[PDB]
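Asker: Structure incoming, see below.
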Amino acid sequence: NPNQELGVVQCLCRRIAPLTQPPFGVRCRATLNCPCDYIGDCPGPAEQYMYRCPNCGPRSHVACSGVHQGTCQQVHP
Ligand SMILES: [Zn+2]
Ligand SMILES: [Zn+2]
Ligand SMILES: [Zn+2]
């Protein structure tokens with residue numbers, strides 16, 4: 001069988017870790033801060049990373065490109 005390449009990622013401890021599956025989209029759970037009282041969920045895009053850190057062992061964390069802080073136009077158009 002041919003080898004299956006998996007990407008690498010920086011663990012939260014900052015070491016380089018091998019992903020065990022490709023990044024996959026997820027719900028972003030961050031809370032928003034706009035100068036008004038608006039309440040709402042971040043629409044993303046957010047992704048979750050599964051990896052096996054040589055230091056930390058199995059670990060995961062989520063990253064999101066949505067706007068969490070800023071003006072009312074930036075957070076909630
Ligand atoms: Zn680590
Ligand atoms: Zn987000
Ligand atoms: Zn606002």
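The way I read the labels, and the way they are meant: chains A, B, ... in the order of the structure tokens, residue 1 as the first residue of every chain, and ligand 1 as the first ligand shown, with later ones counted on from there.
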Check chain A with DSSP on the backbone and list each residue it calls alpha helix (DSSP H), as a list in words.
Answerer: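 Here is the list: residues 72, 73, 74 and 75 of chain A.
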Asker: Residues as selected, N, CA and C atoms, written as a PDB file, in the first residue's frame, can you do that?
Answerer:
```
ATOM      1  N   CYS A  72     -18.967  46.948  15.803  1.00  0.00           N
ATOM      2  CA  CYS A  72     -20.219  46.258  15.516  1.00  0.00           C
ATOM      3  C   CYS A  72     -20.272  45.781  14.071  1.00  0.00           C
ATOM      4  N   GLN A  73     -19.663  46.528  13.150  1.00  0.00           N
ATOM      5  CA  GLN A  73     -19.661  46.121  11.748  1.00  0.00           C
ATOM      6  C   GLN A  73     -18.772  44.903  11.521  1.00  0.00           C
ATOM      7  N   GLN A  74     -17.669  44.797  12.263  1.00  0.00           N
ATOM      8  CA  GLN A  74     -16.740  43.687  12.080  1.00  0.00           C
ATOM      9  C   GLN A  74     -17.265  42.399  12.708  1.00  0.00           C
ATOM     10  N   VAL A  75     -17.814  42.477  13.921  1.00  0.00           N
ATOM     11  CA  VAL A  75     -18.269  41.274  14.612  1.00  0.00           C
ATOM     12  C   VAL A  75     -19.574  40.757  14.013  1.00  0.00           C
TER      13      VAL A  75
END
```
Asker: Residues contacting ligand 1 - anything with an atom at most 8 Å away, using only C-alpha atoms and all ligand atoms - can you give me those as a PDB file with N, CA and C atoms, in the first residue's frame?
Answerer:
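And here's pocket-v9.pdb as it stands now:
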```
ATOM      1  N   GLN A  10       1.752  22.891  15.139  1.00  0.00           N
ATOM      2  CA  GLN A  10       2.366  23.323  16.388  1.00  0.00           C
ATOM      3  C   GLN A  10       1.401  23.058  17.539  1.00  0.00           C
ATOM      4  N   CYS A  11       1.843  22.264  18.510  1.00  0.00           N
ATOM      5  CA  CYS A  11       1.046  22.016  19.700  1.00  0.00           C
ATOM      6  C   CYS A  11       0.994  23.276  20.563  1.00  0.00           C
ATOM      7  N   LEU A  12       0.047  23.294  21.504  1.00  0.00           N
ATOM      8  CA  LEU A  12      -0.063  24.441  22.399  1.00  0.00           C
ATOM      9  C   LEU A  12       1.202  24.634  23.224  1.00  0.00           C
ATOM     10  N   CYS A  13       1.961  23.566  23.460  1.00  0.00           N
ATOM     11  CA  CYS A  13       3.264  23.693  24.104  1.00  0.00           C
ATOM     12  C   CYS A  13       4.334  24.213  23.151  1.00  0.00           C
ATOM     13  N   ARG A  14       3.982  24.441  21.884  1.00  0.00           N
ATOM     14  CA  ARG A  14       4.777  25.034  20.815  1.00  0.00           C
ATOM     15  C   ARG A  14       5.648  24.003  20.089  1.00  0.00           C
ATOM     16  N   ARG A  15       5.709  22.753  20.542  1.00  0.00           N
ATOM     17  CA  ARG A  15       6.418  21.728  19.788  1.00  0.00           C
ATOM     18  C   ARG A  15       5.643  21.370  18.522  1.00  0.00           C
ATOM     19  N   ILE A  16       6.356  20.803  17.554  1.00  0.00           N
ATOM     20  CA  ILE A  16       5.732  20.352  16.314  1.00  0.00           C
ATOM     21  C   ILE A  16       5.180  18.948  16.526  1.00  0.00           C
ATOM     22  N   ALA A  17       3.908  18.763  16.195  1.00  0.00           N
ATOM     23  CA  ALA A  17       3.224  17.501  16.414  1.00  0.00           C
ATOM     24  C   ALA A  17       2.620  16.996  15.113  1.00  0.00           C
ATOM     25  N   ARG A  52      -0.699  14.106  18.002  1.00  0.00           N
ATOM     26  CA  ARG A  52      -0.049  13.298  19.031  1.00  0.00           C
ATOM     27  C   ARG A  52       1.296  13.955  19.321  1.00  0.00           C
ATOM     28  N   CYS A  53       1.332  14.830  20.322  1.00  0.00           N
ATOM     29  CA  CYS A  53       2.552  15.580  20.609  1.00  0.00           C
ATOM     30  C   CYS A  53       3.599  14.669  21.243  1.00  0.00           C
ATOM     31  N   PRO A  54       4.859  14.718  20.795  1.00  0.00           N
ATOM     32  CA  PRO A  54       5.889  13.884  21.439  1.00  0.00           C
ATOM     33  C   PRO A  54       6.046  14.173  22.917  1.00  0.00           C
ATOM     34  N   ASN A  55       5.717  15.388  23.348  1.00  0.00           N
ATOM     35  CA  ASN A  55       5.767  15.751  24.760  1.00  0.00           C
ATOM     36  C   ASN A  55       4.433  15.478  25.451  1.00  0.00           C
ATOM     37  N   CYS A  56       3.356  16.070  24.941  1.00  0.00           N
ATOM     38  CA  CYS A  56       2.058  16.036  25.598  1.00  0.00           C
ATOM     39  C   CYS A  56       1.237  14.795  25.280  1.00  0.00           C
ATOM     40  N   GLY A  57       1.641  13.990  24.301  1.00  0.00           N
ATOM     41  CA  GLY A  57       0.817  12.893  23.858  1.00  0.00           C
ATOM     42  C   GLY A  57      -0.442  13.392  23.178  1.00  0.00           C
ATOM     43  N   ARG A  59      -3.454  15.198  21.927  1.00  0.00           N
ATOM     44  CA  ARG A  59      -3.959  16.514  22.302  1.00  0.00           C
ATOM     45  C   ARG A  59      -4.691  17.129  21.118  1.00  0.00           C
TER      46      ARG A  59
END
```
Asker: Contacts of residue 34 of chain A at 12 Å or less, counting only C-alpha atoms, minus same-chain residues fewer than 4 places along, as an MDAnalysis selection string?
Answerer: chainID A and resid 38:40 67:77
Asker: Restrict the calculation to only C-alpha atoms and all ligand atoms, then for each residue of chain A with any atom at most 8 Å from an atom of ligand 2 give the closest atom pair and their distance in Å to one decimal, rows by chain and rising residue number, as a tab-separated table.
Answerer:
```
residue	atom	partner	partner_atom_place_in_ligand_line	distance
A:27	CA	ligand 2	1 (Zn)	7.9
A:28	CA	ligand 2	1 (Zn)	4.6
A:29	CA	ligand 2	1 (Zn)	6.7
A:30	CA	ligand 2	1 (Zn)	5.7
A:41	CA	ligand 2	1 (Zn)	7.9
A:42	CA	ligand 2	1 (Zn)	4.6
A:43	CA	ligand 2	1 (Zn)	6.4
A:44	CA	ligand 2	1 (Zn)	4.7
A:45	CA	ligand 2	1 (Zn)	6.5
A:46	CA	ligand 2	1 (Zn)	6.0
A:63	CA	ligand 2	1 (Zn)	7.6
A:64	CA	ligand 2	1 (Zn)	4.6
A:65	CA	ligand 2	1 (Zn)	6.1
A:66	CA	ligand 2	1 (Zn)	4.4
A:67	CA	ligand 2	1 (Zn)	6.3
A:68	CA	ligand 2	1 (Zn)	6.0
```
Asker: Output C-alpha atoms of each residue in that selection to a file, as a short mmCIF file (atom, residue, chain, number, x, y, z; two decimals), in the first residue's frame.
Answerer:
```cif
data_model
loop_
_atom_site.label_atom_id
_atom_site.label_comp_id
_atom_site.auth_asym_id
_atom_site.auth_seq_id
_atom_site.Cartn_x
_atom_site.Cartn_y
_atom_site.Cartn_z
CA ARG A 27 -18.55 25.16 15.89
CA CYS A 28 -16.65 28.12 17.31
CA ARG A 29 -17.52 28.55 21.00
CA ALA A 30 -15.85 31.94 21.54
CA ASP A 41 -22.33 32.87 18.03
CA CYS A 42 -19.26 33.20 15.86
CA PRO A 43 -20.12 31.79 12.40
CA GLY A 44 -16.52 30.63 11.93
CA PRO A 45 -14.66 29.44 10.01
CA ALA A 46 -13.25 27.28 12.82
CA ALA A 63 -8.63 27.61 15.70
CA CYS A 64 -11.00 30.16 14.18
CA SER A 65 -10.66 32.91 11.58
CA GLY A 66 -13.91 34.68 12.49
CA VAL A 67 -13.91 38.11 14.09
CA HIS A 68 -14.37 37.83 17.87
#
```
Asker: For a quick check of understanding, using only C-alpha atoms, which of A:9, A:36, A:4, A:58 has the smallest distance to residue 23 of chain A?
Answerer: A:9
Asker: Just the number, please: distance in Å from atom CA of residue 49 of chain A to atom CA of residue 62 of chain A, one decimal.
Answerer: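 Computed distance, atom CA of residue 49 of chain A to atom CA of residue 62 of chain A, equals 6.2 Å.
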Asker: Given only C-alpha atoms and all ligand atoms as the basis, pick out the residue of A:26, A:32, A:19, A:6 nearest to ligand 3.
Answerer: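 Closest residue, counting only C-alpha atoms and all ligand atoms: A:32.
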